[PDB]
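Descriptive analysis of the structure
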Amino acid sequence: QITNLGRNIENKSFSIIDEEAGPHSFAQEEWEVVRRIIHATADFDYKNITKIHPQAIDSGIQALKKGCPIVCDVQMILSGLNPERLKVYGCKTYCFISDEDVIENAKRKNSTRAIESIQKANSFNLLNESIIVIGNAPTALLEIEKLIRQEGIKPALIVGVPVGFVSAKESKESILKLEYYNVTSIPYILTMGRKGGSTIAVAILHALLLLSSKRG
């Protein structure tokens, strides 16, 4: 998994982050997630924009335990998750961003591959009680919002951390509006604003997998 020197570096880093982050309003478990994000980016700003839903970590753990599907918008996210830890639960990862049918459908429908990618997962019922990890494409998050609002889909958890200058900020706010209006109570983990990234998403997933293990 990692060497002694490895752990020493990480432990030293987390200690530096805690001391430097200063005062924050995150509970212990929530902080393990936020601290992980700051660690992957060296960006303390995440201490202020990462919003975690009260049931987020709980639904996340439960979903993983059940070998739930993990739907990712971009391939890099998967490339960050070690299949070793996932087979423990039997979770299955998916990313259709690069499938032919998705590509042609995006072109033909004047949309994005991310949007058709999400629709494809839905056509397979892969959104129900799953963990939706959107680390890059804002349109993928807006589509999920659309499906929740119109199709009533019920994922176990939404990790909405897309990065961008066009609709990123908006896609995250649309998720908060769903809760604001009590149309649904789908747990979420968001980094409000334009900031996000596949690396932020992977860091959140790893924090969850760790918390899951630690709960033992």
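Residues numbered from 1 in each chain as written, not as in the entry; some residues may be left out. Heavy atoms only, no water. Residues with missing side-chain atoms left out of burial classes, pairs and counts.

- Method-wise, the PDB entry is recorded as coming from X-ray crystallography, at a reported resolution of 2.30 Å.

What about the layout of surface pockets?
- Taken as a whole, the largest pocket spans an internal volume of roughly 390 Å³.
- In terms of lining, the largest pocket is formed by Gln1, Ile2, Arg7, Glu10, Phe14, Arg36 and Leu210.
- Of the residues forming the lining of the largest pocket, the biggest block, three residues, is contributed by helix α1 (residues 4-21).
- The residue inventory of the lining of the largest pocket, partitioned by class, reads three nonpolar, one polar and three charged. (1 Å grid on protein atoms, 1.4 Å probe; cavity = no way out; pocket = protein on both sides within 12 Å on 5 of 7 lines; lining within 4 Å. Points joined across faces, edges and corners; volume = space filled by probe spheres on them. Helix = DSSP H or I, 4+ residues; strand = E, 2+ residues; numbered from the N terminus. Nonpolar A, V, L, I, M, F, W, Y, C, P; charged D, E, K, R; others polar.)

Points about the environment of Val202
- Secondary-structure assignment places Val202 in helix α11 (residues 198-214).
- When the C-alpha positions of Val202 and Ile70 are compared, they lie 12 Å apart, and in sequence the two are 132 residues distant.
- Once residues lying within four places of it in the same chain are set aside, the contact partners of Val202 are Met76, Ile77, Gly80 and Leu81. (Contact = heavy atoms within 4.5 Å.)

Let's talk about the environment of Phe26
- In this structure, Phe26 sits in the loop between α1 and α2 (28-41).
- Among the residues examined, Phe26 registers a relative accessible area of 18% and is labelled buried.
- Sequence-wise, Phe26 and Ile52 are 26 residues apart; in three dimensions their C-alpha atoms are separated by 8.8 Å.
- Sequence-distant contacts of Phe26, that is, excluding residues within four places in its chain, are made with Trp31, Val34, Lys47 and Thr50. (Buried < 20%, exposed > 50% of the residue type's maximum accessible area, 1.4 Å probe, protein only.)

Observations regarding the packing of aromatic side chains
- Enumeration over the complete set of coordinates arrives at four aromatic pairs.
- Ring plane angle 25 degrees and centroid distance 6.2 Å describe the contact between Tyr94 and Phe96, whose orientation is recorded as stacked.
- A relative accessible area of 23% means that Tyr94 is categorised as partly exposed.
- Chaining the aromatic ring pairs together yields one cluster made of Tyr94, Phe96 and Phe124. (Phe/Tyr/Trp six-rings, centres within 6.5 Å; stacked < 30°, edge-to-face > 60°.)

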